[PDB]
Amino acid sequence: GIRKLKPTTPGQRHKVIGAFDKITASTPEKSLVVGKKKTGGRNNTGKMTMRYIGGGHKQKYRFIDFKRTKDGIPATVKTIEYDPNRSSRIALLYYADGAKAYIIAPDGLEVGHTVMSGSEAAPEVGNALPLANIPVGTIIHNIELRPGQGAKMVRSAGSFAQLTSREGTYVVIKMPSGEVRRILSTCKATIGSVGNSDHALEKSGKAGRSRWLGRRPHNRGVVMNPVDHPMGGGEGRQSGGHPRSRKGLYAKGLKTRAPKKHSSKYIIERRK
Amino acid sequence: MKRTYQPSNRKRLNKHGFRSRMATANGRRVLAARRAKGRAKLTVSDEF
RNA sequence: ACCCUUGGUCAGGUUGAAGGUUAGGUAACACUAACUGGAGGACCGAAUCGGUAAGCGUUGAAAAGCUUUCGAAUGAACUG
RNA sequence: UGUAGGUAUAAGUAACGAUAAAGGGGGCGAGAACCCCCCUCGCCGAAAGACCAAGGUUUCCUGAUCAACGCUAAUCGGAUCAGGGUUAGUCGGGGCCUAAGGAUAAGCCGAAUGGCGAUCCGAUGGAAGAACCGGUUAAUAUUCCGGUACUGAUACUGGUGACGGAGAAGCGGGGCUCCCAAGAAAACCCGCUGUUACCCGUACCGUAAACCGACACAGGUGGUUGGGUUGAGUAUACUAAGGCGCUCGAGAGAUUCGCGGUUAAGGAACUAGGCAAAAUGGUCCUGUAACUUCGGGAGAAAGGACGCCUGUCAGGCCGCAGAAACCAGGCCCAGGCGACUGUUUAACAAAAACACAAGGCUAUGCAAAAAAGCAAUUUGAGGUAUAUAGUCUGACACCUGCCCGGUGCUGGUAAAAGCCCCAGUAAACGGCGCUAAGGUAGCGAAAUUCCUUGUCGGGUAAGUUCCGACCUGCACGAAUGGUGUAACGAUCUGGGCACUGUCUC
RNA sequence: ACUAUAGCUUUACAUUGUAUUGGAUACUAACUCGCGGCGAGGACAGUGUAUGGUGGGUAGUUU
RNA sequence: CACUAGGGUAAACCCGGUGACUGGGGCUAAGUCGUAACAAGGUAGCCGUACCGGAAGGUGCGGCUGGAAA
Ligand SMILES: [K+]
Ligand SMILES: [K+]
Ligand SMILES: [K+]
Ligand SMILES: [K+]
Ligand SMILES: [K+]
Ligand SMILES: [K+]
Ligand SMILES: [K+]
Ligand SMILES: [K+]
Ligand SMILES: [K+]
Ligand SMILES: [Mg+2]
Ligand SMILES: [Mg+2]
Ligand SMILES: [Mg+2]
Ligand SMILES: [Mg+2]
Ligand SMILES: [Mg+2]
Ligand SMILES: [Mg+2]
Ligand SMILES: [Mg+2]
Ligand SMILES: [Mg+2]
Ligand SMILES: [Mg+2]
Ligand SMILES: [Mg+2]
Ligand SMILES: [Mg+2]
Ligand SMILES: [Mg+2]
Ligand SMILES: [Mg+2]
Ligand SMILES: [Mg+2]
Ligand SMILES: [Mg+2]
Ligand SMILES: [Mg+2]
Ligand SMILES: [Mg+2]
Ligand SMILES: [Mg+2]
Ligand SMILES: [Mg+2]
Ligand SMILES: [Mg+2]
Ligand SMILES: [Mg+2]
Ligand SMILES: [Mg+2]
Ligand SMILES: [Mg+2]
Ligand SMILES: [Mg+2]
Ligand SMILES: [Mg+2]
Ligand SMILES: [Mg+2]
Ligand SMILES: [Mg+2]
Ligand SMILES: [Mg+2]
Ligand SMILES: [Mg+2]
Ligand SMILES: [Mg+2]
Ligand SMILES: [Mg+2]
Ligand SMILES: [Mg+2]
Ligand SMILES: [Mg+2]
Ligand SMILES: [Mg+2]
Ligand SMILES: [Mg+2]
Ligand SMILES: [Mg+2]
Ligand SMILES: [Mg+2]
Ligand code: NA
Ligand code: NA
Ligand code: NA
């Protein structure tokens, strides 16, 4: 859900934030968190390689189990928690073996439920199965690209993918982007869609919230000088010509995916 | 108004001290040139 | 100038968001009134940060200041 | 406009560095406005008093000295010379631990010099194993001494550490609550009767005459404390403790300047412009319009009371004045631009410029695209299309027309790309007069109109500015957005009331 | 504007092999990647030399 | 000293008037452009709603017969 702020101030007139109605705990698990350092977009030589990054609230990293290799060990869902590092919520799991882990919280997973991973697991929401064992037509998320490497594909809040058909060693999956592509049937996926689908309805309301989230102001190229940007210069306002970056890379329709990439053999239909 | 020199002994030694000069090939070049000129004050480490 | 890590500072007053409780009200939610609550790049205003307007200074007390006036002052704040 | 050294001229001139301020009596001395003691006066007093840190480095105290330094003199000095002065088992640091970052191992990269790369280094953080009271010096004191104490050595694999913001609360006599932006690491620590006590700092200045500013410079400099009356207050005024009268004076009282005070009658006539000044100002009680995004506008505007005494709000008393001094919103009507709080040309521009929340388009299926780097490698991001990046527009409301002809972009030779051709793409650049299409809505003498002070209406005695209309728009026009828009503005611009040396003068 | 050039892109040779049916398909052993040998690719890709395009991103200049 | 008619002030309301400019309507003739409806009026008509056109109007979607032909 979402909470719309009343317009007591101009900086709150257009502000919509989440209702936090799924969170059941406020403190993270101590053994699964660690303090995280920030980069200002600076690489190991100290040079700013990525702009518009800096400041923001201090954050701690949560260890998410994207691999889920504890096959056949049932786990109990303990809490649903806020994670500052991703748009979705996370879930705390207690294994009957006595381990603890964090997983991406799927839509519909409630505190007190049971989850399992591996081939013998029932295809219920929250369970992790090899794609060879998932019934065709199931809504899935957290899709592995290579077997054993961990989920990479469908992870953002509200996002989901679909298993459309299977063709032997490969299954066919439709992506959030609308791409249709082939995935090895020994790769793993989790049943259900990622929760917190109302994350897209939130509005910051003011510049201060972007500063809290750790973004820095972005300057348009047409209001610079020619020495700084190809689109800068002129007396008064000017359009800047064909849109391009500081290095002259066209910004309208020029494709940048490598034309000889091997993975294009597994991509049936493309969509960006 | 605030002027350009704001003293700090730790920063002075970290930036221009003897060990800072010896840590780099160009710093040793500076030391060799100063010895060849015959400076009585080799680095800021010599000052007090 | 920007960033990173670790610390510190912000007299006093005002306003009164969400939420809650109590009465009425509904098939039930809604919804009305009182009390409570204490949010906010909210208000007035010291420290502080900045530098609007005028006067003065222009071999100056100062290689950019002073006096009055004025902006911000829980934050995109200031500062070691 | 040559160079070094020396010496002139301006000239016994500018100036002697905050307008907090001095007067007298004694002392010493060859010499006294200034030195020492006393009395009186004045200034600071959330400091101009008292402390910690950075920085300085003997400036600390005493005896001699007055050449130079001290913007005057000096018997004086933060000055010259000599002597003296800093005392720790418990204070501070270090020894221990790790952050950013740095140096490295195995390895990786690379004409060379070398560049990377997980254990070590590295506080601004975490541990430290551990007191106070009193007295004493010219100069040190939790260190010396007298008591009173305490601490450490020595001879008889799961928890903690471990963490945010805001608010309530415990003459006469800490936890708690709420919130979203979700709040270090490692050591460590848990569970599983003597005999000794090492090292470094310790003086002095420290909102400053000792630090940064060439100066004994009206500037800058992190943290703590900061009495009384007045007050909401750390504001303001006065004043204890404590500290100061700012290292040139004396006369005189022209012009003129600087900082202030008063002003008859008039009251913006001043001026580019009400610039500056004046005016408003407190608490409580009444009462508050257009418009609106329903929050606001709003402290709108406009009124009334206020001292002292007595009596259970009334009766009385005094003054020109009861907010008593200091302190302490001017208000209203109407336009342009920009939604708003912010940012910017250190040193002539604070704005309508930048940013902004938000919208669109495009790229990107993850060794992602993209950005740094010769590379390794790193950022992106340990994020995964509700994500990241490039680019334009800039809250919101109603909306955002026509053109793919041109230019971009996307598709289908050495020993195949391209190019062609065809198709697509305007919230791509661009255009909206024979053509690709010949400007839709909405605006319009406009931040755009040359002619031009266009014409008409309003406002004034009089209006090249302003507001409302008209439309032959030199040369508006829909995301280099069109037209509006409540709130907001040290913005630009017009008119009123208040008020006044801005002006008559 | 003239002339170069980083980068990007095309093809040939090298790295680079085998079989079937040449022009494609298939294979695994070069080579690449993932998980701790196994899995996924595969003579492609990447890299070197040569070569044609593109290239105010950068440079030297002229006007 | 209260009480009050009347006076001044401000506001706000109500009732009227006028105003550059800018919009419908009625009536009379008939200048101009078309032919929308009345016959299946030459695309059956009408109702609601939306968009668009010099105008009558056109088109989309649903409805009705107060429509022929069948
Ligand atoms: K921008
Ligand atoms: K350029
Ligand atoms: K300061
Ligand atoms: K000359
Ligand atoms: K001391
Ligand atoms: K008068
Ligand atoms: K005048
Ligand atoms: K105007
Ligand atoms: K019906
Ligand atoms: Mg510019
Ligand atoms: Mg122009
Ligand atoms: Mg504020
Ligand atoms: Mg102030
Ligand atoms: Mg304020
Ligand atoms: Mg000369
Ligand atoms: Mg003269
Ligand atoms: Mg002078
Ligand atoms: Mg003089
Ligand atoms: Mg002081
Ligand atoms: Mg002394
Ligand atoms: Mg002496
Ligand atoms: Mg002298
Ligand atoms: Mg001395
Ligand atoms: Mg260590
Ligand atoms: Mg002392
Ligand atoms: Mg000073
Ligand atoms: Mg204090
Ligand atoms: Mg006080
Ligand atoms: Mg004061
Ligand atoms: Mg007068
Ligand atoms: Mg005049
Ligand atoms: Mg003024
Ligand atoms: Mg603005
Ligand atoms: Mg502002
Ligand atoms: Mg300037
Ligand atoms: Mg200025
Ligand atoms: Mg713009
Ligand atoms: Mg605009
Ligand atoms: Mg005028
Ligand atoms: Mg006008
Ligand atoms: Mg445009
Ligand atoms: Mg050039
Ligand atoms: Mg040359
Ligand atoms: Mg007809
Ligand atoms: Mg018909
Ligand atoms: Mg049509
Ligand atoms: Na100190
Ligand atoms: Na020191
Ligand atoms: Na005035």
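These numbers come from the heavy atoms of this one structure, side chains and all, not from hydrogens, waters or symmetry mates. Just so we're on the same page: letters track the sequence lines, and every chain starts at 1.
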With a 4.0 Å cutoff (strictly under), does any side-chain N or O of A/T39 reach OP1 or OP2 of C/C4? no
Sugar-phosphate, base or nothing in reach of A/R215, heavy atoms under 4.0 Å: sugar-phosphate
Name the closest nucleotide to the A/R181 side chain, picking from E/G42, D/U391, D/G365. D/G365
Side-chain heavy-atom pair A/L93, A/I103 within 4.5 angstrom cut-off: yes
Which of these nucleotides, E/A45, D/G365, D/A162, is closest to any side-chain atom of A/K260? E/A45
Just call it for A/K47: base, sugar-phosphate, or nothing, with non-hydrogen atoms closer than 4.0 Å on any strand. sugar-phosphate
When you compare D/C333 with D/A302, how far apart are their P atoms, in angstrom units rounded to a whole number? 11 Å
Residue set satisfying salt bridge (charged side-chain N to carboxylate O under 4.0 Å, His left out) with A/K100, at least two apart, ordered chain then number -> A/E29
So does A/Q59 get a side-chain nitrogen or oxygen closer than 4.0 Å to the phosphate oxygens (OP1/OP2) of D/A182? yes
On RNA chain D, compare the nucleotides closest to A/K247 and A/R155; which residue's is nearer the 5' end? A/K247
Give the nucleotide from the list D/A353, D/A184, D/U391 with an atom nearest to the side chain of A/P243. D/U391
Heavy-atom count check: over 12 atoms from other residues, nucleotides or ligands less than 6.0 Å from B/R28 CZ? yes
What contact category does A/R42 fall into here, base, sugar-phosphate, or nothing, at under 4.0 angstrom with non-hydrogen atoms? base
Residues touching RNA chain D, which here means a heavy atom under 4.0 Å, drawn from residues 84-94 of chain A: A/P84, A/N85, A/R86
So for A/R220 and D/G394, does any side-chain atom that can act as donor or acceptor lie under 3.5 Å from a complementary atom in the base? yes
For D/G359, does either OP1 or OP2 sit under 4.0 Å from a side-chain N or O belonging to A/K203? yes
Minimum-distance nucleotide to A/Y61 side chain [options: D/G382, D/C180, C/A64]: D/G382
Is there a side-chain polar atom (N or O) of A/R257 under 4.0 Å from OP1 or OP2 of D/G365? yes
Are side-chain heavy atoms of A/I104 and A/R86 found at a separation under 4.5 Å? yes
Phosphate-side-chain proximity, A/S263 and D/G365, N/O vs OP1/OP2 below 4.0 Å: no
Measure from the side-chain heavy atoms of A/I267 and tell me the nearest of D/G365, C/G80, D/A182. D/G365
Rounded distance (Å) that lies between atom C1' of D/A182 and atom CZ of A/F20: 9 Å
Cut-off 3.5 Å, side chains only: do A/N85 and A/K60 have a donor facing an acceptor? no
Pair A/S117, A/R68: side-chain N/O donor-acceptor within cut-off below 3.5 Å: no
Is D/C470 paired to anything, Watson-Crick or G-U wobble with both distances less than 3.5 Å, and if yes, which nucleotide? D/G454
So does A/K272 reach the base of D/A385 with its side chain, donor to acceptor, closer than 3.5 Å? yes
No-hydrogen, no-angle side-chain donor-acceptor test under 3.5 Å, A/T79 and A/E81: yes
For A/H229, report the nucleic acid contact type (base, sugar-phosphate, nothing); a contact means any heavy atom under 4.0 Å. sugar-phosphate
If we ignore angles and hydrogens, is there a donor and acceptor under 3.5 Å between the side chains of A/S263 and A/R257? yes
Out of C/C2, D/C180, D/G383, whichever nucleotide has its closest atom nearest the side chain of A/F66: D/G383
Categorize A/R51 for me: base, sugar-phosphate, or nothing, with a 4.0 angstrom heavy-atom threshold over every strand shown. nothing
Is any N or O donor-acceptor pair between the side chain of A/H14 and the base of D/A358 shorter than 3.5 Å? no
Reckon A/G40 touches a base, only the sugar-phosphate, or nothing at all at heavy-atom distances under 4.0 Å? sugar-phosphate
Mind checking A/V194 for me? I need base, sugar-phosphate or nothing, with any heavy atom below 4.0 Å counting as a touch. nothing
Any idea which of D/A428, D/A355, D/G161 is nearest the A/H242 side chain? D/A428
A/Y266 and A/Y170 aromatic ring geometry - parallel, tilted or perpendicular at 30°/60° bounds: parallel
Summarise protein proximity over nucleotides 92-123 of chain D in one line of letters, 5' to 3': B for base, S for sugar-phosphate only, - for none, counting protein heavy atoms closer than 4.0 Å. -------S----------------SS----SS
What is the nucleic acid contact for A/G240, judged by heavy atoms within less than 4.0 Å: base, sugar-phosphate only, or nothing? nothing
With the side chain of A/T256 defined as its heavy atoms from C-beta on, choose the nearest nucleotide among D/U364, D/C392, C/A42. D/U364
For D/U283 and its strand neighbour D/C284, are the base ring centres under 5.5 angstrom apart and the ring planes under 30 degrees apart? yes
Is a donor from one side chain sitting under 3.5 angstrom from an acceptor on the other, for A/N43 and A/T45? yes
Is A/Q12 touching bases, backbone alone, or none of the nucleic acid, heavy atoms closer than 4.0 Å? sugar-phosphate
Any base atoms under 4.0 Å from A/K261, or only sugar-phosphate, or nothing? Heavy atoms, all strands. sugar-phosphate
From D/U384, D/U364, D/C409, nucleotide with atom closest to A/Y250 side chain: D/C409
So that I know where these two stand, are A/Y52 and A/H218 an aromatic pair - ring centroids less than 6.0 Å apart? yes
Classify A/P10 by what it touches in the nucleic acid, base, sugar-phosphate, or nothing, heavy-atom distance under 4.0 Å. base
On the nucleotide D/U391, are OP1 or OP2 found under 4.0 Å from the side-chain N or O atoms that A/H218 carries? yes
Give one of base, sugar-phosphate or nothing for B/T4, where a contact means two heavy atoms less than 4.0 Å apart. nothing
Closest approach to the side chain of A/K255, judged atom by atom: which nucleotide of D/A363, E/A40, D/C212 is it? D/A363
Answer with base, sugar-phosphate or nothing: what part of the nucleic acid does A/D83 contact at a heavy-atom distance below 4.0 Å? nothing
What is the nucleic acid contact for A/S197, judged by heavy atoms within less than 4.0 Å: base, sugar-phosphate only, or nothing? base
